[PDB]
Amino acid sequence: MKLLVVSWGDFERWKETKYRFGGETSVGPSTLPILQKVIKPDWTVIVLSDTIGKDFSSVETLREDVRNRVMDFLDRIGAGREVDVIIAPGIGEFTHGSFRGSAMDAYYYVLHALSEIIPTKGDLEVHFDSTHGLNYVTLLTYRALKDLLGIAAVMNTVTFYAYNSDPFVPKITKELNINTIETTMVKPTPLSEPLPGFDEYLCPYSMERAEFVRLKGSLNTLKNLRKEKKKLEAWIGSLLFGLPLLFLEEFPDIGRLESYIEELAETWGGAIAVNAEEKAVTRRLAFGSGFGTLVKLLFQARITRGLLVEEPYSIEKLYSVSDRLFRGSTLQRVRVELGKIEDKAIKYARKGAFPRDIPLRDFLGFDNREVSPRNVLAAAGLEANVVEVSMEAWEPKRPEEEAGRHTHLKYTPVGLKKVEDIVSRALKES
Amino acid sequence: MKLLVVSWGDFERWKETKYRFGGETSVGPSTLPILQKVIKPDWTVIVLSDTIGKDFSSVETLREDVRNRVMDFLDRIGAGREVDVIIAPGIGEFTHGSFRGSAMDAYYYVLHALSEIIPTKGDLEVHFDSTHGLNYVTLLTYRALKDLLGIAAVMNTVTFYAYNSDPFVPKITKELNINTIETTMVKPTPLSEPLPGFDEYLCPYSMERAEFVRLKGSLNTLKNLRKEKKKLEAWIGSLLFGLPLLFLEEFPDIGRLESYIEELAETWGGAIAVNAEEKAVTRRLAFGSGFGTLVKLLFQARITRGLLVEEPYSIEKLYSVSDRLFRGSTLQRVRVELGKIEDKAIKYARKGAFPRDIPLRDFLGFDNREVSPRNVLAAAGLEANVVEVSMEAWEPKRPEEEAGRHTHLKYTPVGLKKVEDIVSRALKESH
Ligand SMILES: Nc1ncnc2c1ncn2[C@@H]1O[C@H](CO)[C@@H](OP(=O)(O)OC[C@@H]2O[C@H](n3cnc4c(N)ncnc43)[C@H]3OP(=O)(O)O[C@H]32)[C@H]1O
Ligand SMILES: Nc1ncnc2c1ncn2[C@@H]1O[C@H](CO)[C@@H](OP(=O)(O)OC[C@@H]2O[C@H](n3cnc4c(N)ncnc43)[C@H]3OP(=O)(O)O[C@H]32)[C@H]1O
């Protein structure tokens, strides 16, 4: 999949020029047609600021004014069908209107929009045009894109190319090159941040705290999240620290994460006040870092959801999951720990012994019944005192080959809680 | 240390306005005085393009024209003098002249210049203003700054703030707010690139093949690096994979690294052709990714050099090094491995046994003598067939607290070579 993302300011102001890119030539006010010709993207995303809007009756007459103006220009320059337009929350005081709120809302809003567009299956080739962006919207768009691609790179190959034309001097410029300014193979970066305290999903920008405290208290999301926070952190830690059984046992409910994000996104949009007379938009709520963390969390669940199976979890399944998810010394520790349990399973199978629900410590022949954070993290979450082993009997013929399919691991109810506390806490000390 | 970094375009085109920042206001053509007033940085860096330069006699005349004009603009606005000015190789055809070369030269040059300015000891609070920046210069400066700060964050607490003024509307703007657009605790991200093939330090932009081949074959940097490449990669993987003994034993020679980067940077500078007549700069050589890898490698060696010590390396030293470099399950797996070697050291010390030059295999009482990649990486480099143990004889009084200090690890000659192959190959196979 080839994805073209561009960052746009006030496109109506741009002058007709000739662009050079990919041995080709184009005349027009925008880089977009020549980028689309040379790259042949499967999909185009335009990120714009709502600050170019002039119809001030409401949020919807605002978005409609901006959206119609973008499509007029796209048809005029011949941009095409296969385009999403993200109308991001901008700020400032202009001829036609006044826009007030957190400058950082643009990051959370673009992060939320890109998370619903970037495919969560297969390899990505991502192209990014910074030539026409407002500096802060361009920089926040770049960051939002790179944050999501890093998570995508855990499961798939992701490459990223950035472009910028030469600088335009009004009136004297005829021709501009489109330069390549970045070529990267994006590195796998699982989510490495805990969920924050409950004052950090939505923040008052200009809302009186009576209204804020009442609003915060009326949200299902904040209540349900308090309940689930530690299980979700256990899951984030599972990918960051290399704990493949915890990855499967704590795999999050995607429908619940979606509703959390939707409730927060609509509470934010709900607090947007438009004064038709003053031509003034006030985003009385600001997104917090927690909204960002929930969006990255749902994206990561979507990217890895194809690994999930129903219990029970075999050694063979723990190996295959680990091979997709983990790298470096973390993969190799997983393989050592699974290999020791497998080696033992083989010895039992060779004796026609098929123990069930046996504490891992007895399975391995240990005698330190205390659960240590050190050993939970260092042994890939397969600590002797929190895991139960079951071998489902079969007729062994080549036991070396077979034990792995037929040996299952799970956390004991007590063990799972102690692992959740350990992993959650390790995530917060970072 | 508070470091302020500002991305600037053509400062002579900017108009007088009002800015507000930290309940202050300021009048002038630039955010810089009000940023300096509120933040009170210990040091300021200005990044701009040399494509503002007007004097084409020579490379240095051009940089001199740009530096003199920035220093005059600083006087006019009242910024003062405690500033580095990074004059990045920019690109484009302008009325006053033409600037040709790879657009990615600006990333490598700014990475190199920041790598000599960002303090390599202590915490860092870094402030970044994108307000007045060229889009491409701002993106490449932002990336170079984040890349070096991720390395510094391995040793030190690094916080990052980014700012951007409201957009300026030529005849409507009364006053511009300076917005906060990022507030970050920077995450430790050690170098995770191998050194590339030898075509990727300097690349021809507009340089003929006879010249390039002769130039490439004349560089002692490329010959030396072919030789030290695997040991340098073994060091990079030591931080990435959690191998504290390898981190000490392969700690690079900072003198040689400076010389590699100085030679590549001087060859790049010497390939810049300035035609005074038709006012054209051509940067005949482009920087390759290998140049950036070397700069990041040197910067990581500067950041971690406080941990290095003389050769006897104790379990106690390996714990303290690992506590600064490693996190999460990597850190815990180092402590599991050191702990096992430590417990046997305690048992031997209690009985008056002080084994010298003993294979770790014998020390732990093992025995295959085959070295596996899996076991080297999973046991934090401390594989029983590649490590030698020596305990100093001492009179144990509190052996459980004393054994760690007295118990020394080192790779055997053969063992180190095997570990180098394993770590170099694991670095390359995740790129
Ligand atoms: N067809 C188009 N019509 C209008 N703009 C276009 C078009 N195609 C691309 N652009 C770019 O879109 C942004 C909006 O106009 C501009 O890029 P940005 O990076 O925001 O600004 C570059 C300007 O470079 C100007 N400076 C002109 N000389 C040079 C120079 N020789 N060394 C460095 N900067 C130069 C600067 O004056 P300053 O600092 O006040 O504004 C910058 C344009 O270059
Ligand atoms: N004292 C100063 N003198 C001159 N410039 C200053 C000064 N202080 C700050 N600046 C900024 O420095 C860059 C060069 O002048 C400018 O920032 P940049 O982010 O490059 O672009 C501003 C322009 O805002 C334009 N657009 C104007 N309306 C709106 C609008 N209502 N919704 C979204 N964008 C708007 C954008 O369209 P586009 O890409 O053609 O040009 C940009 C200025 O905002």
Side-chain angles (χ1 to χ4, degrees), chain A residues 6-19 26-32 34 47-54 66 69 77 87-88 90-99 106 129-139 163-178, chain B residues 7-19 26-32 34 48-54 66 77 87-88 90-99 106 129-139 164-170 172-173 175-178:
Chain A
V6 303
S7 180
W8 276 16
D10 191 349
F11 49 87
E12 286 156 352
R13 306 190 156 198
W14 304 335
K15 320 266 79 162
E16 301 251 334
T17 20
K18 98 137 32 135
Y19 290 109
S26 187
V27 177
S30 183
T31 61
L32 178 55
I34 201 173
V47 181
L48 288 127
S49 170
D50 61 356
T51 64
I52 53 154
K54 310 174 182 178
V66 172
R69 287 162 61 207
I77 71 172
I87 306 149
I91 61 161
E93 302 281 333
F94 309 91
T95 65
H96 296 301
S98 148
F99 298 86
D129 186 19
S130 56
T131 136
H132 302 291
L134 283 100
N135 277 251
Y136 87 98
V137 180
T138 292
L139 200 59
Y163 308 101
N164 202 290
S165 77
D166 307 326
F168 175 81
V169 184
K171 308 209 226 210
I172 98 93
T173 314
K174 214 280 290 279
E175 187 171 282
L176 296 172
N177 190 55
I178 306 182
Chain B
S7 191
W8 275 15
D10 192 349
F11 53 86
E12 280 158 0
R13 291 178 141 107
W14 303 340
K15 314 307 199 166
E16 300 257 338
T17 18
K18 216 185 309 179
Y19 296 99
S26 194
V27 159
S30 186
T31 57
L32 176 64
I34 199 171
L48 79 167
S49 187
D50 63 2
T51 63
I52 237 76
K54 242 84 133 181
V66 174
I77 71 180
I87 297 170
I91 242 76
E93 289 243 286
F94 312 85
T95 196
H96 63 270
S98 83
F99 297 90
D129 178 30
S130 56
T131 296
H132 303 283
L134 303 188
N135 291 28
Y136 81 98
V137 167
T138 297
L139 244 196
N164 205 109
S165 81
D166 299 335
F168 169 76
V169 186
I172 292 85
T173 299
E175 85 174 349
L176 294 182
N177 186 62
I178 299 177

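Below, chains carry the letters A, B, ... as their sequence lines are ordered, and counting in each starts from 1. In each ligand, atom 1 is the first atom listed, and ligand 1 is the first ligand listed.
- Taking every non-hydrogen atom of A/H132 and a distance limit under 4.0 Å, the qualifying atoms of ligand 2 come out as 39 (O).
- Protein non-hydrogen atoms do not reach within 4.0 Å of atom 15 (O) of ligand 1.
- Looking only at protein heavy atoms, the nearest one to atom 8 (N) of ligand 2 is B/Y19 OH, 2.7 Å.
- Using cut-offs of 30° and 60° for the angle between ring planes, the A/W14 and A/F11 rings count as perpendicular.
- Summarising the geometry, atom CG belonging to A/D166 is positioned 9.0 Å from atom OG1 belonging to A/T173; distances are rounded to the nearest 0.5 Å.
- Note: an N/O pair closer than 3.5 Å links A/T51 and ligand 2 by distance alone.
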Let's go through A/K54 and A/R69 carefully: what are the C-alpha distance in whole Å and the side-chain angles of both, what is the deciding distance for side-chain contact (heavy atoms from CB on, under 4.5 Å) to 0.1 Å, and is it a yes or a no? CA-CA 10 Å; A/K54 310 174 182 178; A/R69 287 162 61 207; 3.7 Å; yes
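- Of the protein's heavy atoms, none falls inside 4.0 Å of atom 23 (C) of ligand 2.
- B/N164 contributes atom CG, which lies 9.0 Å from atom CD1 of B/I178 (distance to the nearest 0.5 angstrom).
- Contact annotation: A/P29 has at least one heavy atom less than 4.0 Å from an atom of ligand 1.
- The protein heavy atom nearest to atom 29 (C) of ligand 1 is B/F94 CE2, 3.7 Å.
- Closer than 4.0 Å to atom 4 (C) of ligand 2 lies at least one heavy atom of the protein.
- Using a 4.0 Å threshold on non-hydrogen atoms, atom 42 (C) of ligand 1 counts as touching the protein.
- At the top of the distance list for atom 33 (C) of ligand 1, counting protein heavy atoms only, stands B/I52 CD1, 3.2 Å.
- With ligand atoms numbered from 1 in the order given, ligand 2 contributes 1 (N) to contacts under 4.0 Å with heavy atoms of B/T17.
- Near B/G9, meaning under 4.0 Å from any of its heavy atoms, are these atoms of ligand 1: 39 (O).
- Relative to atom 2 (C) of ligand 2, the option among A/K15, A/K54, B/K15 with the closest non-hydrogen atom is B/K15.
- Checking B/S130 against A/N135 by side-chain atom types alone, no donor-acceptor pair falls below 3.5 Å.
- To the nearest 0.5 Å, the span separating CD1 on B/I87 from CH2 on B/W8 amounts to 12.0 Å.
- Between B/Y19 and the options B/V27, B/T31, B/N177, a side-chain contact (heavy atoms from CB on, under 4.5 Å) holds for only B/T31.
- Using a distance-only test at 3.5 Å, with no hydrogens or angles considered, a donor-acceptor pair links the side chain of B/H96 to the main chain of B/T51.
- Counting only non-hydrogen atoms, the option in B/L139, A/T131, B/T138 that gets closest to atom 17 (O) of ligand 1 is A/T131.
- Between B/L48 and B/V66, the closest side-chain pair of non-hydrogen atoms falls below 4.5 Å.
- At least one N or O atom of A/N135, backbone or side chain, sits closer than 3.5 Å to an N or O atom of ligand 2.
- The OG atom of A/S7 sits 10.0 Å away from the NE2 atom of A/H132 when rounded to the nearest 0.5 Å.
- Where the criterion is an N or O separation shorter than 3.5 Å, residue side chain and backbone included, B/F168 meets it with respect to ligand 2.
- Which of A/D10, B/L134, A/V169 comes nearest to atom 25 (C) of ligand 1 through a heavy atom is settled by distance: it is B/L134.
- Inclusion of A/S49 in the set of residues having an N or O under 3.5 Å from an N or O of ligand 2 is not warranted.
- The B/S165 neighbourhood of ligand 2 comprises atoms 9 (C), with distances under 4.0 Å to a heavy atom of that residue.
- Among residues two or more places apart in sequence or in another chain, the side chain to side chain donor-acceptor pair (under 3.5 Å) test is passed with A/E175 by none.
- Using a 4.0 angstrom heavy-atom cutoff, A/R13 does not count as in contact with ligand 1.
- In this structure, a donor-acceptor pair under 3.5 Å is present between the side chains of B/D129 and B/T131.
- Of all the atoms in ligand 2, the ones that sit under 4.0 Å from a non-hydrogen atom of B/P167 are 44 (O).
- When each atom of ligand 2 is checked for a heavy atom of B/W14 under 4.0 Å away, the hits are 3 (N), 4 (C).
- Between B/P29 and B/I77 the shortest side-chain heavy-atom distance falls below 4.5 Å.
- Those atoms of ligand 1 that come under 4.0 Å of a heavy atom in B/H96, given as number and element, are 31 (N).
- Taken from OH in B/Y136 to OG in B/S49, the straight-line distance is 3.5 Å, to the nearest 0.5 Å.
- Within 4.0 Å of atom 12 (O) of ligand 2, at least one protein heavy atom is present.
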